Structures are given as C-alpha cells and as structure tokens.
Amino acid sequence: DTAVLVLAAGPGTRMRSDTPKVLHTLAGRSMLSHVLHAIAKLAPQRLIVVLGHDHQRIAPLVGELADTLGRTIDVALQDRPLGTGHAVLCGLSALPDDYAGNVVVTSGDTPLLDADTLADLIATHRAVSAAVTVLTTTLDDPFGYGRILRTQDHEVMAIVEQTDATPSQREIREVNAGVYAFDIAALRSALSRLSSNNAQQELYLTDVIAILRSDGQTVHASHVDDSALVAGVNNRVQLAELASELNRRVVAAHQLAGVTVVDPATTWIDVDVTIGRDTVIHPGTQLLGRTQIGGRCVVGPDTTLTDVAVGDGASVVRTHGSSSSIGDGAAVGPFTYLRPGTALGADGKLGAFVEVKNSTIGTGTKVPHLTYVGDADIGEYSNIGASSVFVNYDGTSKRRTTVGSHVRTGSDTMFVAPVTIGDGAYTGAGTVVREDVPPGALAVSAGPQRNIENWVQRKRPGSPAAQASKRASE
C-alpha cells in the first residue's frame, strides 16, 4: 500500500504568469493533469495534492480529474509556501495519523513523469528496504536542481540545493528529480528535524536525505537514464523544451504505428489524438484536443484542427477548424475555416476561402469557393456556387436556411434566411434569394444586362482604356 503526494503549492515566480504554474499546458493537458494521469495509472491507495493560496482555481480542476480518472483525489492546503519539506507535512495531514503505507512524493511540475518510472521507484525502495529512495538523473546543464552528494562507493550522503551549493558542488551533474519514496515513520521523524537555516530560508524536503543518512537509516538514490521523464519545469523556456520533447515522443509513436509525418519538428499532436494507418501529415500541422483522423487521409500543411473528426480517405489542407466533422473521402481546403457545428458529409467539398459555421452539409455536396455557410442545412449532391453567402443574421436575430438535394445555386447568391430551396432547384448568378424556391424552379433577381456603347471614350478619355478601345475599331 502507498500514498502519493503531489506538491503543487509553490508560487511559480519564475513563470511570470497570472496563471498558476501547474495549470500551464503542453500537448493538450495541464502539467498537473499530466502528473495526475500518470499517478492514477499506478492506482495508489491514496493520492493527495498540496495546494497553496490559489487553491480556489486549482481545486476544481482537481475534482474534474478525480471524476475523469474514476477515483478520489484529496487536497491538502499549505497556507504559506514555507518549503517543500513543509509542503509534505501539509500533505501528510490528509493521511490518517496511523497511516502505515509507503509515501511517494512528487512535484506538480514534472509533466513527463510516467507510471512505469513510479512503479520502478516503489519496487526499488522495497527491494532495498530503504528509508528513503530518491530518483536522480544526469544532465549536461544541471543549473537549478539539487546536486546528489555521493562517496566513491556510490552511497548517497546528501542533496544540496543550487543556491546553497559551493562552486565545487555545482560542478556535480547528477541531480535530484524531486521524486521520492519514503518509509512513513522515517519521513515524519526527519521532517520534524528540518531547519530553515539556509539561503532560500525554507524547510527543504531535500535535507531529509542527509538527516536519514546520519540516523543510520538506509538511503537509496535510483538513477533514471531517460532524463526527460524527470525533468522539471520552473519557467517558460523549460516548459517549451518539454512540450517539444513530449511532442517528439507522441509523433514517433504515431509514426511507428503507420502514420507518415513529413516533419515531426513542426507537427504538434495532442496526447488524445488518434490517427489511422497510412495517413500523411504535412508540415506545420497541429492536431489538438480530441481530434481524430481516419486512415489514408492527407492533412495538408498549415492545418490546425481542435476536436475535429476526419473520416477515412479525406483531405484537409491549409484548414483552421474546430468541433466539426469531415466525412469519408471529403476534400477541405486550401484556406478553409471550420467553426463549431460543421458537419461535412462523405465526399463533400469545402473549397478555398470558404467559411462554415453550425451547418450540416450532405453527401456529395460542394461549396467550392469564396463563400460563407452559416446556420444552414444543405442536402446531398448539391452545388453552392462561388462567392455566395448564407445570410443568417437579419440585424437583431439568428435565422435558418434549408437547401435541398441536387440543387445548383448560381454564383453570388445571397440566401436571406429563413428560406428553403427545393430539391433540384437552381438560382441564377447574382440572385438575392428572399422567398422560398420550389423544387425544380429557377430563382433569379438581377436586372437585364445593359451595354452602354462608347461609354469609355466619353467618360474616361483618353485613358489607356479609351485608347485600347479606339484601336479595336480598326
């Protein structure tokens, strides 16, 4: 049995944000959410998040994740950020006084941390009967991290913080990941002996290592080769680095599963996105939220999709869209804007400079150019001519349009809702449609063409046009 505590009550100063650190996102999830998904996979008996003065903005997101993960997540409050050691005391207060399981401590800012690394930590801690096992790694740039002090035999003696380390300790490149397993009694005991006598003037959880070494307890440091899994995030440079690294891993997983990603460095794929076999994702693409792509699709470059379902064989190129679905075999783009509530049927087409909002568009139906579709239902195998608008707003209110199947509407038609265009109807180029159109009818409104001869010589003489026109007489 084990309790996991997640310390998330620090002020996050180096982020320089009014958004609490923990809540900063990479790959579709907040760091906190990443940390909690990871721990919930491990299924510990207790899971406690220690929150600080902004608990009121985080505690509710904690409940949301508790509900998603199908479990109970407690919140402990740390009313002043007196240090990671103090934070752990707060977290302990949320366990029974006689709790006898192991205590794993982790941070809310170690977003790649994964259930396997935590299970390994707990297994190791048990195998060697440690009073404390700490995870460590070794980095080229160790700046900011606690340094792991070891004798030549590899026994850990202490951890020393960046701010308290001599120039010589600072050369150490093995660092504290801030991820620990503890025997509960040993932890409580050593926490009670902590002193704020140090540079930052805090109660350091890291002191517990040297304390327990002194007591003659067993102290184990377990080295994590894959540094990324235990990398922290204290500022926005580190956040983009880990987002980038997490993204590489997500992209590689999709590649090994049969998805061709032309340029992984510029293809951002959120963690819940699924993509079918043999799809091709061109550079500059973001697939966000719960986006789902079928198999054999082309995801045209420079495409951003958030919560969009794309069926098999579809093509989605230079498109910006969200909360929409794109049927099998449909063609979308280039330069297309899908707003929430777009439903494009199989083999449909939304072409260049087309914007769709809250509209359903039947099988086989094409909106190829320069057109706005708002609040409409359009049937099957219909064609909406270029440069048209579904006028869904009269000033003051929202109005609906219904277009039948096999319709051909002429270029530059304005559908002034509410209006219904019957099956097989046509609308001439340049029509303002204010009344219903019966099935099979032609609707027109433009007046007759009138050619005014010699207008150019008479109203624009001797413009380049008047001269060209005079040459044409000959």
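In this text, residue numbers run from 1 along the sequence as written.
Asks: Could you check which stretch, 118-126 or 270-278, carries the larger mean CA temperature factor in the entry?
Replies: Here the higher of the two C-alpha B-factor means belongs to 118-126.
Asks: Averaging CA B factors per stretch from the PDB record, which one is higher: 25-33 or 40-48?
Replies: For C-alpha atoms only, the mean B-factor is higher in 40-48.
Asks: What's the residue among 355, 226, 263, 302 with the greatest CA temperature factor in the PDB record?
Replies: That would be 226, according to the entry.
Asks: In this PDB entry, which of 106, 388, 189, 136 has the top CA B-factor?
Replies: Most elevated C-alpha B-factor of the set, per the entry: 189.
Asks: Considering every modelled residue of the chain and its Cα B-factor in the PDB entry, is residue 449 in the lowest, middle or highest third?
Replies: CA B-factor rank for residue 449: middle third.
Asks: Among all modelled residues of this chain, ranked by Cα B factor, put residue 60 in the bottom, middle or top third, i.e. lowest, middle or highest.
Replies: Highest third of the chain for residue 60's C-alpha B-factor.
Asks: Divide the modelled residues of the chain into thirds by Cα B-factor and specify which third, lowest, middle or highest, holds residue 67.
Replies: As the PDB entry reports it, the C-alpha B-factor of residue 67 lands in the highest third of its chain.
Asks: Relative to the other modelled residues in the chain, which third contains the C-alpha temperature factor of residue 244: lowest, middle or highest?
Replies: Answer is middle: the recorded C-alpha B-factor places it there.
Asks: Lowest, middle or highest third: where is residue 377 by C-alpha B factor in its chain?
Replies: Residue 377: CA B-factor falls in the middle third of its chain.
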